[PDB]
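Trainee: Attaching a single structure in structure tokens format; questions to follow.
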Amino acid sequence: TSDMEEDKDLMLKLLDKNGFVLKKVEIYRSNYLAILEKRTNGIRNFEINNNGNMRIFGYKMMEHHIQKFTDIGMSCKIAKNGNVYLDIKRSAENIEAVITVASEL
DNA sequence: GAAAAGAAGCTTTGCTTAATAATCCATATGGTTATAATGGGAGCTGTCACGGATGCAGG
């Protein structure tokens with residue numbers, strides 16, 4: 001969707017803004033991937049699904065980071081190896097909120 | 001005889017997970033300590049009845 005395009009525009013705007021460099025930005029399963037450079041704060045990528053949900057996924061994230069993203073109301077799915085899903089709705093205010101909580105981790 | 005409806009048969013896809021890079025950490029191994037530092041310790045103490053093998057000795 002073009003809303004996913006514009007939310008990609010503000011996403012790269014606020015990740016490029018806040019000094020969080022990217023490994024690669026990928027359209028994969030027709031979904032966006034704002035992948036972090038290193039596994040910083042136990043986080044892998046800042047992805048966008050086309051199903052109205054931008055998602056933050058990681059590997060062995062600390063609990064207090066997860067609490068900081070449930071401050072802005074995000075779902076989580078831990079795995080058996082430390083893989084953690086973080087669901088939020090894809091919107092510009094959620095772009096600003098997720099990248100401003102990620103910008104203070 | 002039409003028309004909803006449900007399966008056959010394709011696809012994706014979010015999730016998992018097994019293979020593999022990375023790293024770190026137990027582990028071994030050896031070295032190296034330059035004053036001088038000179039014979040242990042529990043041994044049980046209240047069996048016991050037989051018995052055969054030493055063991056010693058004088059004729």
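How things are named: the first chain in the structure tokens is A, the next is B, and so on; residues count from 1 in each chain; ligands count from 1 in the order shown.
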Would you tabulate, counting only C-alpha atoms (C1' of nucleotides), all residues of chain B that have an atom at most 10 Å from an atom of chain A, showing the closest pair of atoms and their distance in Å to one decimal, sorted by chain then ascending number, as a Markdown table?
Mentor:
```
| residue | atom | partner | partner_atom | distance |
| --- | --- | --- | --- | --- |
| B:12 | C1' | A:29 | CA | 8.3 |
| B:13 | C1' | A:29 | CA | 7.2 |
| B:14 | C1' | A:29 | CA | 9.7 |
| B:15 | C1' | A:79 | CA | 9.9 |
| B:16 | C1' | A:79 | CA | 9.2 |
| B:17 | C1' | A:81 | CA | 9.9 |
```
Trainee: Those residues with N, CA, C and O atoms (P, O5', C5', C4', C3', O3' and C1' of nucleotides), as an mmCIF file, in the first residue's frame please?
Mentor:
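again_24.cif, written as the output of this step:
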```
data_model
loop_
_atom_site.group_PDB
_atom_site.id
_atom_site.type_symbol
_atom_site.label_atom_id
_atom_site.label_comp_id
_atom_site.auth_asym_id
_atom_site.auth_seq_id
_atom_site.Cartn_x
_atom_site.Cartn_y
_atom_site.Cartn_z
ATOM 1 P P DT B 12 4.274 -18.135 -4.300
ATOM 2 O "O5'" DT B 12 3.662 -17.391 -3.027
ATOM 3 C "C5'" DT B 12 3.043 -16.127 -3.175
ATOM 4 C "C4'" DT B 12 2.214 -15.772 -1.954
ATOM 5 C "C3'" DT B 12 2.999 -15.260 -0.756
ATOM 6 O "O3'" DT B 12 2.198 -14.344 -0.043
ATOM 7 C "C1'" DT B 12 1.870 -17.200 -0.135
ATOM 8 P P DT B 13 2.871 -13.229 0.891
ATOM 9 O "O5'" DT B 13 2.035 -13.326 2.247
ATOM 10 C "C5'" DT B 13 1.660 -14.595 2.754
ATOM 11 C "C4'" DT B 13 2.107 -14.744 4.190
ATOM 12 C "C3'" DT B 13 3.410 -14.041 4.514
ATOM 13 O "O3'" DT B 13 3.463 -13.785 5.890
ATOM 14 C "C1'" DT B 13 3.739 -16.324 4.726
ATOM 15 P P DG B 14 3.477 -12.275 6.422
ATOM 16 O "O5'" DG B 14 3.528 -12.441 8.009
ATOM 17 C "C5'" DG B 14 2.425 -13.016 8.687
ATOM 18 C "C4'" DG B 14 2.857 -14.156 9.597
ATOM 19 C "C3'" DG B 14 3.930 -13.818 10.629
ATOM 20 O "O3'" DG B 14 3.582 -14.435 11.848
ATOM 21 C "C1'" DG B 14 4.625 -15.658 9.346
ATOM 22 P P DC B 15 4.353 -14.085 13.211
ATOM 23 O "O5'" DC B 15 5.062 -15.461 13.576
ATOM 24 C "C5'" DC B 15 4.289 -16.641 13.598
ATOM 25 C "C4'" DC B 15 5.162 -17.857 13.408
ATOM 26 C "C3'" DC B 15 6.365 -17.930 14.345
ATOM 27 O "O3'" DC B 15 6.187 -19.002 15.243
ATOM 28 C "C1'" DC B 15 6.919 -18.541 12.101
ATOM 29 P P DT B 16 7.270 -19.303 16.386
ATOM 30 O "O5'" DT B 16 8.177 -20.432 15.734
ATOM 31 C "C5'" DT B 16 7.557 -21.545 15.116
ATOM 32 C "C4'" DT B 16 8.581 -22.480 14.497
ATOM 33 C "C3'" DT B 16 9.811 -22.773 15.348
ATOM 34 O "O3'" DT B 16 10.167 -24.110 15.167
ATOM 35 C "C1'" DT B 16 10.491 -21.987 13.282
ATOM 36 P P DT B 17 10.952 -24.915 16.307
ATOM 37 O "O5'" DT B 17 11.642 -26.092 15.487
ATOM 38 C "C5'" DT B 17 11.674 -26.018 14.071
ATOM 39 C "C4'" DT B 17 13.099 -26.006 13.572
ATOM 40 C "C3'" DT B 17 14.156 -26.087 14.674
ATOM 41 O "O3'" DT B 17 15.235 -26.864 14.218
ATOM 42 C "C1'" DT B 17 14.591 -24.267 13.348
#
```
Trainee: With a distance cut-off of 10 Å and only C-alpha atoms (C1' of nucleotides), select the neighbouring residues of residue A:43, excluding the residue or stretch itself and same-chain residues fewer than 6 positions from it, and output the selection as a ChimeraX atom specification.
Mentor: /A:35-37,56-62,65,83-85,102
Trainee: Mind listing the helix (DSSP H, G or I) residues of chain A, per DSSP on the backbone, as a CSV table (one decimal) with N, CA and C atoms, in the first residue's frame?
Mentor:
```
chain,number,residue,atom,x,y,z
A,2,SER,N,0.3,2.4,-0.4
A,2,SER,CA,1.0,3.6,-0.4
A,2,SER,C,1.1,4.2,1.0
A,3,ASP,N,0.2,3.8,1.9
A,3,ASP,CA,0.3,4.2,3.3
A,3,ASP,C,1.5,3.5,3.9
A,4,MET,N,1.8,2.3,3.4
A,4,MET,CA,3.1,1.6,3.8
A,4,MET,C,4.3,2.3,3.2
A,5,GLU,N,4.1,2.9,2.0
A,5,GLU,CA,5.2,3.7,1.4
A,5,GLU,C,5.5,5.0,2.2
A,6,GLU,N,4.4,5.7,2.6
A,6,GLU,CA,4.6,6.9,3.3
A,6,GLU,C,5.1,6.7,4.8
A,7,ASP,N,4.6,5.6,5.3
A,7,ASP,CA,5.1,5.1,6.6
A,7,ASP,C,6.5,4.6,6.6
A,8,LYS,N,6.9,4.1,5.4
A,8,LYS,CA,8.4,3.8,5.1
A,8,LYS,C,9.1,5.1,5.0
A,9,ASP,N,8.5,6.2,4.5
A,9,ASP,CA,9.2,7.5,4.3
A,9,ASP,C,9.5,8.1,5.7
A,10,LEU,N,8.5,8.1,6.6
A,10,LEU,CA,8.7,8.7,7.9
A,10,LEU,C,9.5,7.7,8.8
A,11,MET,N,9.5,6.4,8.5
A,11,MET,CA,10.3,5.4,9.2
A,11,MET,C,11.8,5.7,8.9
A,12,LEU,N,12.2,5.7,7.6
A,12,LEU,CA,13.5,6.0,7.3
A,12,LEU,C,13.9,7.5,7.7
A,13,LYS,N,12.9,8.4,7.8
A,13,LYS,CA,13.2,9.7,8.2
A,13,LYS,C,13.6,9.7,9.7
A,14,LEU,N,12.9,9.0,10.5
A,14,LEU,CA,13.2,9.0,11.9
A,14,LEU,C,14.2,8.0,12.4
A,15,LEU,N,14.5,7.0,11.6
A,15,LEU,CA,15.7,6.2,11.9
A,15,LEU,C,17.0,6.8,11.4
A,16,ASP,N,16.9,7.4,10.2
A,16,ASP,CA,18.0,8.2,9.7
A,16,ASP,C,18.2,9.4,10.5
A,17,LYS,N,17.1,9.9,11.1
A,17,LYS,CA,17.2,11.1,12.0
A,17,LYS,C,17.9,10.8,13.3
A,63,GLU,N,14.2,-7.3,29.4
A,63,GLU,CA,12.9,-7.2,29.8
A,63,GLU,C,12.5,-5.7,29.9
A,64,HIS,N,13.4,-4.8,30.3
A,64,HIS,CA,13.0,-3.4,30.5
A,64,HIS,C,12.8,-2.7,29.2
A,65,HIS,N,13.5,-3.1,28.1
A,65,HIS,CA,13.2,-2.6,26.8
A,65,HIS,C,11.8,-3.0,26.4
A,66,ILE,N,11.4,-4.2,26.7
A,66,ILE,CA,10.0,-4.7,26.4
A,66,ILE,C,9.0,-3.9,27.2
A,67,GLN,N,9.3,-3.6,28.4
A,67,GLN,CA,8.5,-2.7,29.2
A,67,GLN,C,8.4,-1.3,28.6
A,68,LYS,N,9.5,-0.8,28.1
A,68,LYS,CA,9.5,0.5,27.5
A,68,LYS,C,8.6,0.5,26.2
A,69,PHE,N,8.5,-0.6,25.5
A,69,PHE,CA,7.7,-0.6,24.3
A,69,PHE,C,6.2,-1.1,24.6
A,70,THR,N,6.0,-1.7,25.8
A,70,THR,CA,4.6,-1.8,26.2
A,70,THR,C,4.1,-0.6,26.9
A,71,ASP,N,5.0,0.4,27.2
A,71,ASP,CA,4.6,1.7,27.6
A,71,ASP,C,3.8,2.4,26.4
A,92,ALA,N,1.8,6.9,11.6
A,92,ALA,CA,2.9,7.9,11.7
A,92,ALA,C,3.1,8.3,13.2
A,93,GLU,N,2.1,8.3,14.0
A,93,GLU,CA,2.3,8.5,15.4
A,93,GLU,C,2.9,7.3,16.1
A,94,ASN,N,2.6,6.2,15.6
A,94,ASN,CA,3.3,5.0,16.1
A,94,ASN,C,4.8,4.9,15.6
A,95,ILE,N,5.0,5.5,14.4
A,95,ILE,CA,6.4,5.6,13.9
A,95,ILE,C,7.2,6.5,14.9
A,96,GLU,N,6.6,7.7,15.2
A,96,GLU,CA,7.3,8.6,16.1
A,96,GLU,C,7.4,8.0,17.5
A,97,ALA,N,6.4,7.2,18.0
A,97,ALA,CA,6.4,6.7,19.3
A,97,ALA,C,7.4,5.5,19.4
A,98,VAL,N,7.4,4.6,18.4
A,98,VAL,CA,8.3,3.5,18.5
A,98,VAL,C,9.8,3.9,18.3
A,99,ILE,N,10.0,4.9,17.4
A,99,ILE,CA,11.4,5.3,17.2
A,99,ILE,C,11.8,6.3,18.3
A,100,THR,N,10.9,6.9,19.1
A,100,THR,CA,11.3,7.7,20.2
A,100,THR,C,11.5,6.8,21.5
A,101,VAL,N,10.9,5.6,21.5
A,101,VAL,CA,11.2,4.7,22.6
A,101,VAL,C,12.5,4.0,22.3
A,102,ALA,N,12.7,3.6,21.0
A,102,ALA,CA,13.9,3.0,20.6
A,102,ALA,C,15.1,3.9,20.6
```
